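Trainee: One structure coming up, written as structure tokens, with questions to follow.
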Amino acid sequence: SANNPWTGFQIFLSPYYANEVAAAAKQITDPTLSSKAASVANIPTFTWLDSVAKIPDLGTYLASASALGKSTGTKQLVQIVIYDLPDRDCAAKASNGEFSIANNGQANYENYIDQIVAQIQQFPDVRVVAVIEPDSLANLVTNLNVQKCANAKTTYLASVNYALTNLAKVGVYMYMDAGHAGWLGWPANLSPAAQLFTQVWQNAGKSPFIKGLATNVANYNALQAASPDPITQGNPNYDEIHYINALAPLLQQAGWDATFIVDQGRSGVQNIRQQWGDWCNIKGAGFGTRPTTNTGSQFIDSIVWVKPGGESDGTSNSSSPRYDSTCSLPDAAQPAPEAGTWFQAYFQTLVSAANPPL
């Protein structure tokens with residue numbers, strides 16, 4: 001499209017990920033690998049607003065970005081993930097969301113959005129790009145047979161709508177999560193997905209700030225695969241570019257000339273999964289293509305690092321109340337700590353296996 005949110009902006013680097021990476025790099029004993037690891041702090045990632053407790057951090061990042069812009073002569077851009085739906089991750093065996101549909105989930109989520117908007121409103125000289133609710137709408141395409149998802153459908157739609165409608169009022173550029181090629185990219189899922197995303201876009205007023213969709217968030221697919229990963233058998237859309245090429249025209253027909261961003265933060269190593277749906281701490285993952293607007297596709301505004309590589313996807317301890325057995329599969333790195341917390345061994349392998357090399 002004409003307006004790529006990233007062009008002409010300097011991405012604000014997460015200080016939290018920078019601190020995690022710096023602390024991680026000094027534990028890496030090999031001096032050469034340690035310095036490659038340290039350099040990861042210079043690679044832009046998305047900050048996950050996975051709870052209300054993260055909202056004050058958003059405020060600090062906006063204010064810091066505003067001051068950095070002025071100190072360096074640049075316009076700054078802060079990258080966030082909106083990730084706090086009630087009954088979050090409805091098809092998972094476990095979720096870490098603080099809100100539940102049964103306990104005023106929708107009102108509580110609206111207040112979470114209101115607090116985010118109230119921060120963003122104070123810093124108009126900082127641009128914000130937001131990924132909207134990973135692991136949400138995609139479940140409403142393929143997983144309505146999951147009773148928790150069926151029961152969450154109206155709340156997911158209403159809450160995502162509230163986020164889109166109100167973040168648009170403060171000029172946030174938004175990409176709705178849209179799963180990945182092995183979820184919604186199956187040819188038979190493309191039209192139901194397009195119908196859902198278009199309805200969501202319509203309900204939120206077709207705001208031009210709703211730029212399109214984010215794919216491969218927290219996943220491991222190739223953007224452009226040299227040869228199909230065996231996990232993809234039966235799906236001609238075996239990588240993200242095939243998925244996006246197939247989905248984009250369906251959105252365009254509805255009057256939404258949507259563009260896309262693609263997570264590649266853990267895509268450096270292909271052919272590491274036994275089944276395509278295995279998502280938790282996949283062993284042997286490497287850092288992938290660094291974020292860039294040089295995407296190789298008319299439809300793709302940026303390759304991004306949404307999931308911050310090195311933060312666990314979930315614990316492998318079956319005694320945890322948050323335990324999801326996906327995290328104990330043979331292709332999941334174990335033992336693994338609780339979701340979101342630092343997983344040092346996994347980070348070190350992400351560095352060692354980075355492709356392109358760091």
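A note on labels: chains of the structure tokens are A, B, ... as shown, every chain counts residues from 1, and ligands are counted from 1 in their shown order.
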Can you tell me which residues surround range 2-16 of chain A at a distance of at most 7 Å, considering only C-alpha atoms, apart from same-chain residues fewer than 4 positions away, and format the answer as a PyMOL selection string?
Mentor: chain A and resi 20+42+44-45+47+65+74-78+173+301
Trainee: As a PDB file with N, CA and C atoms, in the first residue's frame, list the residues of range 1-156 of chain A assigned to helix (DSSP H, G or I) by DSSP on the backbone atoms of this structure.
Mentor:
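The resulting file, result-v1.pdb, is shown below:
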ATOM      1  N   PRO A  15      13.344  -2.127  26.040  1.00  0.00           N
ATOM      2  CA  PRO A  15      14.380  -2.228  27.081  1.00  0.00           C
ATOM      3  C   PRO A  15      14.262  -3.495  27.903  1.00  0.00           C
ATOM      4  N   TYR A  16      13.052  -4.042  28.029  1.00  0.00           N
ATOM      5  CA  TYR A  16      12.866  -5.282  28.772  1.00  0.00           C
ATOM      6  C   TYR A  16      13.546  -6.444  28.060  1.00  0.00           C
ATOM      7  N   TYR A  17      13.300  -6.579  26.755  1.00  0.00           N
ATOM      8  CA  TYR A  17      13.980  -7.611  25.984  1.00  0.00           C
ATOM      9  C   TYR A  17      15.478  -7.345  25.941  1.00  0.00           C
ATOM     10  N   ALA A  18      15.868  -6.071  25.824  1.00  0.00           N
ATOM     11  CA  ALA A  18      17.280  -5.722  25.908  1.00  0.00           C
ATOM     12  C   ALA A  18      17.878  -6.183  27.230  1.00  0.00           C
ATOM     13  N   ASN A  19      17.148  -6.005  28.339  1.00  0.00           N
ATOM     14  CA  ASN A  19      17.695  -6.457  29.617  1.00  0.00           C
ATOM     15  C   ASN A  19      17.739  -7.979  29.711  1.00  0.00           C
ATOM     16  N   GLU A  20      16.672  -8.655  29.267  1.00  0.00           N
ATOM     17  CA  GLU A  20      16.676 -10.116  29.225  1.00  0.00           C
ATOM     18  C   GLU A  20      17.845 -10.623  28.397  1.00  0.00           C
ATOM     19  N   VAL A  21      18.063 -10.010  27.234  1.00  0.00           N
ATOM     20  CA  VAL A  21      19.116 -10.451  26.333  1.00  0.00           C
ATOM     21  C   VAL A  21      20.493 -10.181  26.932  1.00  0.00           C
ATOM     22  N   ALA A  22      20.684  -9.001  27.528  1.00  0.00           N
ATOM     23  CA  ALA A  22      21.969  -8.696  28.153  1.00  0.00           C
ATOM     24  C   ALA A  22      22.275  -9.669  29.286  1.00  0.00           C
ATOM     25  N   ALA A  23      21.283  -9.950  30.133  1.00  0.00           N
ATOM     26  CA  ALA A  23      21.480 -10.910  31.215  1.00  0.00           C
ATOM     27  C   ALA A  23      21.726 -12.307  30.666  1.00  0.00           C
ATOM     28  N   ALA A  24      21.067 -12.646  29.556  1.00  0.00           N
ATOM     29  CA  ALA A  24      21.275 -13.943  28.926  1.00  0.00           C
ATOM     30  C   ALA A  24      22.664 -14.047  28.313  1.00  0.00           C
ATOM     31  N   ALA A  25      23.135 -12.971  27.674  1.00  0.00           N
ATOM     32  CA  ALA A  25      24.398 -13.035  26.948  1.00  0.00           C
ATOM     33  C   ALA A  25      25.591 -13.227  27.878  1.00  0.00           C
ATOM     34  N   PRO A  31      32.752 -16.786  24.054  1.00  0.00           N
ATOM     35  CA  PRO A  31      32.769 -15.329  23.831  1.00  0.00           C
ATOM     36  C   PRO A  31      32.177 -14.905  22.498  1.00  0.00           C
ATOM     37  N   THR A  32      32.403 -15.681  21.435  1.00  0.00           N
ATOM     38  CA  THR A  32      31.862 -15.320  20.129  1.00  0.00           C
ATOM     39  C   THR A  32      30.342 -15.423  20.118  1.00  0.00           C
ATOM     40  N   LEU A  33      29.804 -16.518  20.658  1.00  0.00           N
ATOM     41  CA  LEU A  33      28.355 -16.670  20.722  1.00  0.00           C
ATOM     42  C   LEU A  33      27.748 -15.629  21.651  1.00  0.00           C
ATOM     43  N   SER A  34      28.458 -15.296  22.733  1.00  0.00           N
ATOM     44  CA  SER A  34      27.958 -14.311  23.687  1.00  0.00           C
ATOM     45  C   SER A  34      27.757 -12.951  23.030  1.00  0.00           C
ATOM     46  N   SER A  35      28.677 -12.554  22.148  1.00  0.00           N
ATOM     47  CA  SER A  35      28.563 -11.249  21.503  1.00  0.00           C
ATOM     48  C   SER A  35      27.477 -11.244  20.433  1.00  0.00           C
ATOM     49  N   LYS A  36      27.290 -12.367  19.736  1.00  0.00           N
ATOM     50  CA  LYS A  36      26.143 -12.490  18.844  1.00  0.00           C
ATOM     51  C   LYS A  36      24.845 -12.390  19.637  1.00  0.00           C
ATOM     52  N   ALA A  37      24.783 -13.076  20.783  1.00  0.00           N
ATOM     53  CA  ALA A  37      23.600 -13.015  21.634  1.00  0.00           C
ATOM     54  C   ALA A  37      23.327 -11.591  22.090  1.00  0.00           C
ATOM     55  N   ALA A  38      24.372 -10.880  22.520  1.00  0.00           N
ATOM     56  CA  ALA A  38      24.198  -9.512  22.990  1.00  0.00           C
ATOM     57  C   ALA A  38      23.591  -8.631  21.908  1.00  0.00           C
ATOM     58  N   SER A  39      23.966  -8.862  20.655  1.00  0.00           N
ATOM     59  CA  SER A  39      23.482  -8.021  19.570  1.00  0.00           C
ATOM     60  C   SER A  39      21.987  -8.178  19.329  1.00  0.00           C
ATOM     61  N   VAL A  40      21.370  -9.242  19.846  1.00  0.00           N
ATOM     62  CA  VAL A  40      19.931  -9.441  19.680  1.00  0.00           C
ATOM     63  C   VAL A  40      19.142  -8.303  20.319  1.00  0.00           C
ATOM     64  N   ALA A  41      19.720  -7.634  21.321  1.00  0.00           N
ATOM     65  CA  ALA A  41      19.040  -6.518  21.968  1.00  0.00           C
ATOM     66  C   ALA A  41      18.823  -5.349  21.022  1.00  0.00           C
ATOM     67  N   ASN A  42      19.531  -5.322  19.898  1.00  0.00           N
ATOM     68  CA  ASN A  42      19.374  -4.282  18.895  1.00  0.00           C
ATOM     69  C   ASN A  42      18.330  -4.628  17.847  1.00  0.00           C
ATOM     70  N   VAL A  52      -3.168  -6.177  32.505  1.00  0.00           N
ATOM     71  CA  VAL A  52      -3.268  -4.772  32.900  1.00  0.00           C
ATOM     72  C   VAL A  52      -1.981  -4.303  33.567  1.00  0.00           C
ATOM     73  N   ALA A  53      -1.289  -5.210  34.260  1.00  0.00           N
ATOM     74  CA  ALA A  53      -0.046  -4.839  34.924  1.00  0.00           C
ATOM     75  C   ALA A  53       1.030  -4.384  33.945  1.00  0.00           C
ATOM     76  N   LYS A  54       0.897  -4.707  32.653  1.00  0.00           N
ATOM     77  CA  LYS A  54       1.858  -4.265  31.651  1.00  0.00           C
ATOM     78  C   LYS A  54       1.563  -2.863  31.130  1.00  0.00           C
ATOM     79  N   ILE A  55       0.379  -2.311  31.401  1.00  0.00           N
ATOM     80  CA  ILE A  55       0.022  -1.014  30.818  1.00  0.00           C
ATOM     81  C   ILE A  55       0.940   0.112  31.264  1.00  0.00           C
ATOM     82  N   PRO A  56       1.352   0.205  32.529  1.00  0.00           N
ATOM     83  CA  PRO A  56       2.331   1.238  32.879  1.00  0.00           C
ATOM     84  C   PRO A  56       3.626   1.118  32.105  1.00  0.00           C
ATOM     85  N   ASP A  57       4.053  -0.096  31.749  1.00  0.00           N
ATOM     86  CA  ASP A  57       5.234  -0.226  30.906  1.00  0.00           C
ATOM     87  C   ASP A  57       5.008   0.417  29.546  1.00  0.00           C
ATOM     88  N   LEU A  58       3.827   0.212  28.952  1.00  0.00           N
ATOM     89  CA  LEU A  58       3.510   0.897  27.703  1.00  0.00           C
ATOM     90  C   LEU A  58       3.705   2.398  27.854  1.00  0.00           C
ATOM     91  N   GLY A  59       3.181   2.969  28.941  1.00  0.00           N
ATOM     92  CA  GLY A  59       3.352   4.394  29.155  1.00  0.00           C
ATOM     93  C   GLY A  59       4.812   4.802  29.182  1.00  0.00           C
ATOM     94  N   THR A  60       5.647   4.036  29.892  1.00  0.00           N
ATOM     95  CA  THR A  60       7.062   4.391  29.913  1.00  0.00           C
ATOM     96  C   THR A  60       7.685   4.277  28.532  1.00  0.00           C
ATOM     97  N   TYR A  61       7.293   3.271  27.746  1.00  0.00           N
ATOM     98  CA  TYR A  61       7.907   3.113  26.436  1.00  0.00           C
ATOM     99  C   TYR A  61       7.516   4.260  25.509  1.00  0.00           C
ATOM    100  N   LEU A  62       6.255   4.685  25.559  1.00  0.00           N
ATOM    101  CA  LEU A  62       5.831   5.823  24.751  1.00  0.00           C
ATOM    102  C   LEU A  62       6.610   7.073  25.122  1.00  0.00           C
ATOM    103  N   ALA A  63       6.739   7.346  26.424  1.00  0.00           N
ATOM    104  CA  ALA A  63       7.436   8.552  26.857  1.00  0.00           C
ATOM    105  C   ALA A  63       8.918   8.485  26.518  1.00  0.00           C
ATOM    106  N   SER A  64       9.528   7.312  26.699  1.00  0.00           N
ATOM    107  CA  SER A  64      10.930   7.145  26.345  1.00  0.00           C
ATOM    108  C   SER A  64      11.135   7.329  24.854  1.00  0.00           C
ATOM    109  N   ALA A  65      10.259   6.724  24.047  1.00  0.00           N
ATOM    110  CA  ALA A  65      10.359   6.870  22.602  1.00  0.00           C
ATOM    111  C   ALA A  65      10.234   8.332  22.196  1.00  0.00           C
ATOM    112  N   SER A  66       9.297   9.058  22.806  1.00  0.00           N
ATOM    113  CA  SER A  66       9.112  10.454  22.444  1.00  0.00           C
ATOM    114  C   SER A  66      10.398  11.237  22.686  1.00  0.00           C
ATOM    115  N   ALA A  67      11.028  11.020  23.844  1.00  0.00           N
ATOM    116  CA  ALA A  67      12.274  11.718  24.160  1.00  0.00           C
ATOM    117  C   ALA A  67      13.416  11.273  23.252  1.00  0.00           C
ATOM    118  N   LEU A  68      13.505   9.977  22.943  1.00  0.00           N
ATOM    119  CA  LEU A  68      14.567   9.519  22.055  1.00  0.00           C
ATOM    120  C   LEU A  68      14.426  10.141  20.674  1.00  0.00           C
ATOM    121  N   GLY A  69      13.199  10.200  20.160  1.00  0.00           N
ATOM    122  CA  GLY A  69      12.991  10.833  18.874  1.00  0.00           C
ATOM    123  C   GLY A  69      13.563  12.233  18.848  1.00  0.00           C
ATOM    124  N   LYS A  70      13.228  13.030  19.865  1.00  0.00           N
ATOM    125  CA  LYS A  70      13.706  14.403  19.920  1.00  0.00           C
ATOM    126  C   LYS A  70      15.222  14.461  20.040  1.00  0.00           C
ATOM    127  N   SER A  71      15.829  13.510  20.754  1.00  0.00           N
ATOM    128  CA  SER A  71      17.272  13.523  20.961  1.00  0.00           C
ATOM    129  C   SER A  71      18.056  13.077  19.734  1.00  0.00           C
ATOM    130  N   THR A  72      17.422  12.352  18.810  1.00  0.00           N
ATOM    131  CA  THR A  72      18.099  11.816  17.637  1.00  0.00           C
ATOM    132  C   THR A  72      17.557  12.351  16.317  1.00  0.00           C
ATOM    133  N   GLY A 105     -15.984 -10.315  32.078  1.00  0.00           N
ATOM    134  CA  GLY A 105     -14.833 -10.291  31.193  1.00  0.00           C
ATOM    135  C   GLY A 105     -14.873  -9.152  30.194  1.00  0.00           C
ATOM    136  N   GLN A 106     -16.014  -8.971  29.522  1.00  0.00           N
ATOM    137  CA  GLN A 106     -16.074  -7.940  28.504  1.00  0.00           C
ATOM    138  C   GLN A 106     -15.838  -6.553  29.088  1.00  0.00           C
ATOM    139  N   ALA A 107     -16.508  -6.214  30.192  1.00  0.00           N
ATOM    140  CA  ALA A 107     -16.296  -4.903  30.790  1.00  0.00           C
ATOM    141  C   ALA A 107     -14.856  -4.739  31.238  1.00  0.00           C
ATOM    142  N   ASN A 108     -14.268  -5.790  31.811  1.00  0.00           N
ATOM    143  CA  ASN A 108     -12.886  -5.701  32.272  1.00  0.00           C
ATOM    144  C   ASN A 108     -11.936  -5.509  31.099  1.00  0.00           C
ATOM    145  N   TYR A 109     -12.195  -6.199  29.991  1.00  0.00           N
ATOM    146  CA  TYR A 109     -11.366  -6.032  28.807  1.00  0.00           C
ATOM    147  C   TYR A 109     -11.495  -4.624  28.244  1.00  0.00           C
ATOM    148  N   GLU A 110     -12.717  -4.094  28.205  1.00  0.00           N
ATOM    149  CA  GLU A 110     -12.927  -2.720  27.741  1.00  0.00           C
ATOM    150  C   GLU A 110     -12.134  -1.743  28.582  1.00  0.00           C
ATOM    151  N   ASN A 111     -12.088  -1.980  29.890  1.00  0.00           N
ATOM    152  CA  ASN A 111     -11.322  -1.095  30.754  1.00  0.00           C
ATOM    153  C   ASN A 111      -9.820  -1.226  30.489  1.00  0.00           C
ATOM    154  N   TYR A 112      -9.350  -2.442  30.193  1.00  0.00           N
ATOM    155  CA  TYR A 112      -7.970  -2.658  29.766  1.00  0.00           C
ATOM    156  C   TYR A 112      -7.659  -1.856  28.505  1.00  0.00           C
ATOM    157  N   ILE A 113      -8.542  -1.920  27.506  1.00  0.00           N
ATOM    158  CA  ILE A 113      -8.361  -1.104  26.307  1.00  0.00           C
ATOM    159  C   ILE A 113      -8.388   0.381  26.655  1.00  0.00           C
ATOM    160  N   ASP A 114      -9.335   0.798  27.504  1.00  0.00           N
ATOM    161  CA  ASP A 114      -9.433   2.212  27.853  1.00  0.00           C
ATOM    162  C   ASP A 114      -8.136   2.713  28.478  1.00  0.00           C
ATOM    163  N   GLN A 115      -7.521   1.904  29.345  1.00  0.00           N
ATOM    164  CA  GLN A 115      -6.254   2.302  29.955  1.00  0.00           C
ATOM    165  C   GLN A 115      -5.139   2.409  28.932  1.00  0.00           C
ATOM    166  N   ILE A 116      -5.130   1.517  27.943  1.00  0.00           N
ATOM    167  CA  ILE A 116      -4.130   1.585  26.886  1.00  0.00           C
ATOM    168  C   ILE A 116      -4.334   2.836  26.043  1.00  0.00           C
ATOM    169  N   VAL A 117      -5.584   3.099  25.652  1.00  0.00           N
ATOM    170  CA  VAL A 117      -5.896   4.292  24.874  1.00  0.00           C
ATOM    171  C   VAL A 117      -5.489   5.543  25.640  1.00  0.00           C
ATOM    172  N   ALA A 118      -5.750   5.565  26.951  1.00  0.00           N
ATOM    173  CA  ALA A 118      -5.430   6.741  27.750  1.00  0.00           C
ATOM    174  C   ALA A 118      -3.935   7.013  27.787  1.00  0.00           C
ATOM    175  N   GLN A 119      -3.112   5.964  27.753  1.00  0.00           N
ATOM    176  CA  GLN A 119      -1.671   6.162  27.619  1.00  0.00           C
ATOM    177  C   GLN A 119      -1.319   6.704  26.240  1.00  0.00           C
ATOM    178  N   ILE A 120      -1.795   6.035  25.189  1.00  0.00           N
ATOM    179  CA  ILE A 120      -1.415   6.394  23.823  1.00  0.00           C
ATOM    180  C   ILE A 120      -1.821   7.831  23.497  1.00  0.00           C
ATOM    181  N   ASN A 139      -9.485 -19.046  16.043  1.00  0.00           N
ATOM    182  CA  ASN A 139     -10.266 -20.123  16.648  1.00  0.00           C
ATOM    183  C   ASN A 139     -11.717 -20.088  16.213  1.00  0.00           C
ATOM    184  N   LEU A 140     -12.230 -18.911  15.876  1.00  0.00           N
ATOM    185  CA  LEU A 140     -13.613 -18.786  15.454  1.00  0.00           C
ATOM    186  C   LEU A 140     -13.810 -19.215  14.011  1.00  0.00           C
ATOM    187  N   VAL A 141     -12.729 -19.493  13.288  1.00  0.00           N
ATOM    188  CA  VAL A 141     -12.838 -20.078  11.961  1.00  0.00           C
ATOM    189  C   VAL A 141     -12.918 -21.596  12.087  1.00  0.00           C
ATOM    190  N   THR A 142     -11.919 -22.218  12.718  1.00  0.00           N
ATOM    191  CA  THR A 142     -11.771 -23.671  12.666  1.00  0.00           C
ATOM    192  C   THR A 142     -12.183 -24.400  13.934  1.00  0.00           C
ATOM    193  N   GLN A 147     -15.870 -26.341  22.750  1.00  0.00           N
ATOM    194  CA  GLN A 147     -16.977 -25.673  23.423  1.00  0.00           C
ATOM    195  C   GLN A 147     -16.547 -24.357  24.067  1.00  0.00           C
ATOM    196  N   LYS A 148     -15.336 -24.296  24.620  1.00  0.00           N
ATOM    197  CA  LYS A 148     -14.888 -23.035  25.195  1.00  0.00           C
ATOM    198  C   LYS A 148     -14.826 -21.944  24.133  1.00  0.00           C
ATOM    199  N   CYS A 149     -14.453 -22.306  22.899  1.00  0.00           N
ATOM    200  CA  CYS A 149     -14.422 -21.327  21.819  1.00  0.00           C
ATOM    201  C   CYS A 149     -15.827 -20.939  21.382  1.00  0.00           C
ATOM    202  N   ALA A 150     -16.719 -21.922  21.225  1.00  0.00           N
ATOM    203  CA  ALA A 150     -18.101 -21.602  20.887  1.00  0.00           C
ATOM    204  C   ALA A 150     -18.694 -20.649  21.911  1.00  0.00           C
ATOM    205  N   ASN A 151     -18.435 -20.903  23.190  1.00  0.00           N
ATOM    206  CA  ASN A 151     -18.982 -20.068  24.246  1.00  0.00           C
ATOM    207  C   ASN A 151     -18.290 -18.718  24.335  1.00  0.00           C
ATOM    208  N   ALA A 152     -17.073 -18.600  23.802  1.00  0.00           N
ATOM    209  CA  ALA A 152     -16.341 -17.342  23.804  1.00  0.00           C
ATOM    210  C   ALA A 152     -16.588 -16.497  22.563  1.00  0.00           C
ATOM    211  N   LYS A 153     -17.250 -17.045  21.541  1.00  0.00           N
ATOM    212  CA  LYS A 153     -17.306 -16.390  20.238  1.00  0.00           C
ATOM    213  C   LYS A 153     -17.821 -14.958  20.338  1.00  0.00           C
ATOM    214  N   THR A 154     -18.974 -14.757  20.978  1.00  0.00           N
ATOM    215  CA  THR A 154     -19.503 -13.398  21.012  1.00  0.00           C
ATOM    216  C   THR A 154     -18.599 -12.460  21.800  1.00  0.00           C
ATOM    217  N   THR A 155     -17.938 -12.954  22.851  1.00  0.00           N
ATOM    218  CA  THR A 155     -17.045 -12.098  23.625  1.00  0.00           C
ATOM    219  C   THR A 155     -15.792 -11.752  22.838  1.00  0.00           C
ATOM    220  N   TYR A 156     -15.192 -12.738  22.166  1.00  0.00           N
ATOM    221  CA  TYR A 156     -14.032 -12.439  21.336  1.00  0.00           C
ATOM    222  C   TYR A 156     -14.370 -11.380  20.299  1.00  0.00           C
TER     223      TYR A 156
END
Trainee: Can you work out the spacing between CA of residue 285 in chain A and CA of residue 238 in chain A in Å, to one decimal?
Mentor: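 Those two atoms sit 17.8 Å apart.
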Trainee: Do a neighbour search on residue 137 in chain A at 10 Å with only C-alpha atoms, toss out local chain neighbours closer than 3 positions, and write the hits as a list in words.
Mentor: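 Answer for this query is residues 89, 132, 133, 134, 140, 141, 142, 143, 149, 153, 156, 157, 160, 176, 177, 178, 179, 193, 196, 197 and 200 of chain A.
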Trainee: Could the residues in this selection be saved with C-alpha atoms as a short mmCIF file (atom, residue, chain, number, x, y, z; two decimals), in the first residue's frame?
Mentor:
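Generated output (selection35.cif):
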data_model
loop_
_atom_site.label_atom_id
_atom_site.label_comp_id
_atom_site.auth_asym_id
_atom_site.auth_seq_id
_atom_site.Cartn_x
_atom_site.Cartn_y
_atom_site.Cartn_z
CA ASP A 89 -6.76 -19.03 24.12
CA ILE A 132 -4.57 -7.53 17.85
CA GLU A 133 -5.14 -10.65 19.96
CA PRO A 134 -3.08 -13.64 18.82
CA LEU A 140 -13.61 -18.79 15.45
CA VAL A 141 -12.84 -20.08 11.96
CA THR A 142 -11.77 -23.67 12.67
CA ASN A 143 -12.47 -24.36 16.35
CA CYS A 149 -14.42 -21.33 21.82
CA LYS A 153 -17.31 -16.39 20.24
CA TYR A 156 -14.03 -12.44 21.34
CA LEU A 157 -15.87 -10.59 18.57
CA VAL A 160 -11.74 -7.34 19.46
CA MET A 176 -5.40 -8.45 13.45
CA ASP A 177 -3.89 -11.81 14.25
CA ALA A 178 -4.72 -14.31 11.52
CA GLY A 179 -2.99 -17.52 12.54
CA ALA A 193 -11.42 -16.68 7.39
CA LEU A 196 -14.82 -13.40 9.50
CA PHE A 197 -12.04 -10.82 9.18
CA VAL A 200 -14.78 -7.65 12.03
#
Trainee: May I have a table of the residues of range 130-247 of chain A lying at most 12 Å from range 268-276 of chain A, giving each one's closest pair of atoms and their distance in Å to one decimal, counting only C-alpha atoms, ordered by chain and ascending residue number, as JSON lines?
Mentor:
{"residue": "A:180", "atom": "CA", "partner": "A:276", "partner_atom": "CA", "distance": 10.3}
{"residue": "A:181", "atom": "CA", "partner": "A:276", "partner_atom": "CA", "distance": 9.7}
{"residue": "A:182", "atom": "CA", "partner": "A:276", "partner_atom": "CA", "distance": 6.5}
{"residue": "A:183", "atom": "CA", "partner": "A:276", "partner_atom": "CA", "distance": 8.7}
{"residue": "A:186", "atom": "CA", "partner": "A:276", "partner_atom": "CA", "distance": 11.9}
{"residue": "A:219", "atom": "CA", "partner": "A:276", "partner_atom": "CA", "distance": 10.0}
{"residue": "A:220", "atom": "CA", "partner": "A:270", "partner_atom": "CA", "distance": 7.5}
{"residue": "A:221", "atom": "CA", "partner": "A:270", "partner_atom": "CA", "distance": 7.1}
{"residue": "A:222", "atom": "CA", "partner": "A:270", "partner_atom": "CA", "distance": 6.8}
{"residue": "A:223", "atom": "CA", "partner": "A:268", "partner_atom": "CA", "distance": 10.1}
{"residue": "A:224", "atom": "CA", "partner": "A:270", "partner_atom": "CA", "distance": 10.7}
{"residue": "A:225", "atom": "CA", "partner": "A:270", "partner_atom": "CA", "distance": 8.2}
{"residue": "A:226", "atom": "CA", "partner": "A:270", "partner_atom": "CA", "distance": 9.7}
{"residue": "A:227", "atom": "CA", "partner": "A:270", "partner_atom": "CA", "distance": 9.7}
{"residue": "A:228", "atom": "CA", "partner": "A:271", "partner_atom": "CA", "distance": 8.6}
{"residue": "A:229", "atom": "CA", "partner": "A:271", "partner_atom": "CA", "distance": 5.3}
{"residue": "A:230", "atom": "CA", "partner": "A:271", "partner_atom": "CA", "distance": 7.0}
{"residue": "A:231", "atom": "CA", "partner": "A:276", "partner_atom": "CA", "distance": 5.1}
{"residue": "A:232", "atom": "CA", "partner": "A:276", "partner_atom": "CA", "distance": 6.7}
{"residue": "A:233", "atom": "CA", "partner": "A:276", "partner_atom": "CA", "distance": 9.5}
{"residue": "A:234", "atom": "CA", "partner": "A:276", "partner_atom": "CA", "distance": 11.5}
{"residue": "A:235", "atom": "CA", "partner": "A:276", "partner_atom": "CA", "distance": 10.9}
{"residue": "A:238", "atom": "CA", "partner": "A:276", "partner_atom": "CA", "distance": 10.2}
{"residue": "A:239", "atom": "CA", "partner": "A:270", "partner_atom": "CA", "distance": 10.5}
Trainee: Please return, as JSON, numbers by chain, all residues of range 55-290 of chain A that DSSP assigns to strand (DSSP E or B) on the basis of the backbone.
Mentor: {"A": [76, 77, 78, 79, 80, 81, 82, 126, 127, 128, 129, 130, 131, 132, 173, 174, 175, 176, 177, 210, 211, 212, 213, 214, 215, 259, 260, 261, 262, 263, 282]}
Trainee: Would you pick out the contacts of residue 203 in chain A at 10 Å or less, using only C-alpha atoms, so that residues sharing its chain but fewer than 3 positions from it are not included, and give the list as a PyMOL selection string?
Mentor: chain A and resi 157-158+161-162+164-165+197-200+206-207
Trainee: Could you pull the residues within 9 Å of residue 246 in chain A, counting only C-alpha atoms, minus those fewer than 4 positions along the same chain, as a PyMOL selection string?
Mentor: chain A and resi 185+187+190+237+241-242+250
Trainee: Restricting the calculation to only C-alpha atoms, which member of A:310, A:278, A:125, A:265 is positioned closest to residue 348 in chain A?
Mentor: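 The shortest atom-to-atom distance to residue 348 in chain A comes from A:310.
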Trainee: For residue 338 in chain A, work out the shell of residues within 8 Å, counting only C-alpha atoms and skipping chain neighbours fewer than 2 positions away, then give it as a list in words.
Mentor: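 My list of contacting residues is residues 312, 313, 314, 315, 316, 322, 336, 340 and 341 of chain A.
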Trainee: Keeping only N, CA and C atoms, write those residues as an mmCIF file, in the first residue's frame.
Mentor:
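This went into result-v8.cif:
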data_model
loop_
_atom_site.group_PDB
_atom_site.id
_atom_site.type_symbol
_atom_site.label_atom_id
_atom_site.label_comp_id
_atom_site.auth_asym_id
_atom_site.auth_seq_id
_atom_site.Cartn_x
_atom_site.Cartn_y
_atom_site.Cartn_z
ATOM 1 N N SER A 312 9.572 -18.255 27.265
ATOM 2 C CA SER A 312 8.926 -19.550 27.119
ATOM 3 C C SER A 312 7.496 -19.390 26.617
ATOM 4 N N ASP A 313 7.033 -20.398 25.880
ATOM 5 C CA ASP A 313 5.636 -20.496 25.479
ATOM 6 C C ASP A 313 4.771 -21.175 26.531
ATOM 7 N N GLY A 314 5.372 -21.764 27.551
ATOM 8 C CA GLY A 314 4.620 -22.485 28.554
ATOM 9 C C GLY A 314 5.480 -23.501 29.258
ATOM 10 N N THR A 315 5.061 -23.835 30.473
ATOM 11 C CA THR A 315 5.799 -24.783 31.288
ATOM 12 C C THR A 315 5.592 -26.208 30.792
ATOM 13 N N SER A 316 6.626 -27.028 30.961
ATOM 14 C CA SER A 316 6.515 -28.461 30.734
ATOM 15 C C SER A 316 6.162 -29.229 32.003
ATOM 16 N N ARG A 322 -1.138 -23.995 35.103
ATOM 17 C CA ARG A 322 -1.105 -23.443 33.757
ATOM 18 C C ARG A 322 -0.534 -24.423 32.737
ATOM 19 N N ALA A 336 10.872 -26.783 30.562
ATOM 20 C CA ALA A 336 10.607 -25.417 30.163
ATOM 21 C C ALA A 336 9.896 -24.679 31.288
ATOM 22 N N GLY A 340 6.104 -16.884 29.162
ATOM 23 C CA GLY A 340 6.551 -15.515 29.264
ATOM 24 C C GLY A 340 7.857 -15.323 30.003
ATOM 25 N N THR A 341 8.243 -16.274 30.848
ATOM 26 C CA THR A 341 9.480 -16.160 31.600
ATOM 27 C C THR A 341 10.663 -16.637 30.762
#
Trainee: Could you tell me how far CA of residue 325 in chain A lies from CA of residue 93 in chain A, in Å and to one decimal?
Mentor: 7.2 Å
Trainee: Kindly indicate which residue among A:214, A:329, A:282, A:146 lies nearest to residue 347 in chain A, using only C-alpha atoms for the distances.
Mentor: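 Among the listed residues, the smallest separation from residue 347 in chain A belongs to A:282.
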